[PDB]
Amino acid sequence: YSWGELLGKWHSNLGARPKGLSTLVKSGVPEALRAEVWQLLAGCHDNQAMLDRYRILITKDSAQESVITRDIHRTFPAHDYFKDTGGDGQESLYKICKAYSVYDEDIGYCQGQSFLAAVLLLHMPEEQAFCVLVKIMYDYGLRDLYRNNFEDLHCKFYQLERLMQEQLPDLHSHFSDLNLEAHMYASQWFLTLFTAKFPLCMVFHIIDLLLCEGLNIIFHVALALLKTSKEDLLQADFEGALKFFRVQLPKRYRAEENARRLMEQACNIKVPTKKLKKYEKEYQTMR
């Protein structure tokens, strides 16, 4: 089945996902089609109200200049589009982040959010990147992870640990012996959607899957990463395991072949909503 046939049908029934979308996203959106598909998946249709709002938000001043500026100078600094500090990429990135800090009047701009903005900007006009970023934060519930001094993120750490305990017991046993807990290695995984440390070709694939199947995909990729790395991690001590996550693990998905396979593995791995429910309740009652 093809993206050509699928988009043809999508465009003739705008408010409804056509069949076979999931199987196609699983293999990955062709780079060339991402601007269009991502905006379809997120329910962005060249909105005029949002365009006019954005043009006003980029004229307002933000409290988080310094947090944004800090993040921008370290967002994909080896990529040609973002390398130089006076460049059009960084400027556009600045406008997006500044517009989000004003748009979201409870959370504002969050540390590491510029990595996600950048991924979107690479594929679409600045302003469209803003709209998809707003969608991901609000509709896909990414901003809720930050809410309440990170309440729901902590819940999500518990869930991954219980999933690991059920699906990777040897690794869970070894992590238990080391007191290596999920909040030490998995915070950027959940908060930045891997865009904080992982390679562009890897994270583009992540955005494909997230926008289609929602935030639960992070569980799938986290577990696939842990599974493929089992033997490295099993021989690691405390400091080694963290150094492995922060430095060695990202380098392994720099190429399109290794990124494609990991997403395949992530999609074969089952994270039943029921089981997530179970663990969420377990956690909820604790506090």
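Numbering starts at 1 and follows the sequence shown.
Mean C-alpha B-factor is higher over 162-170 than over the other stretch, the pair under comparison being 114-122 and 162-170. Legend: mean Cα B-factor per stretch from the PDB entry, 248-256 versus 26-34; the higher mean is in 248-256. If you compare the C-alpha temperature factors of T75, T195, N148, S187 in the entry, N148 comes out highest.
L41: CA B factor lies in the lowest third for its chain, per the PDB record.
For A49, the recorded CA B-factor ranks within the highest third of the chain. Only modelled residues enter the ranking. Sorting the modelled residues of the chain by their CA temperature factor places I218 in the lowest third. In this PDB entry, the Cα temperature factor of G108 sits in the top third of its chain's modelled residues, the highest group. Split the chain's modelled residues into thirds by C-alpha temperature factor. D177 is in the middle one.
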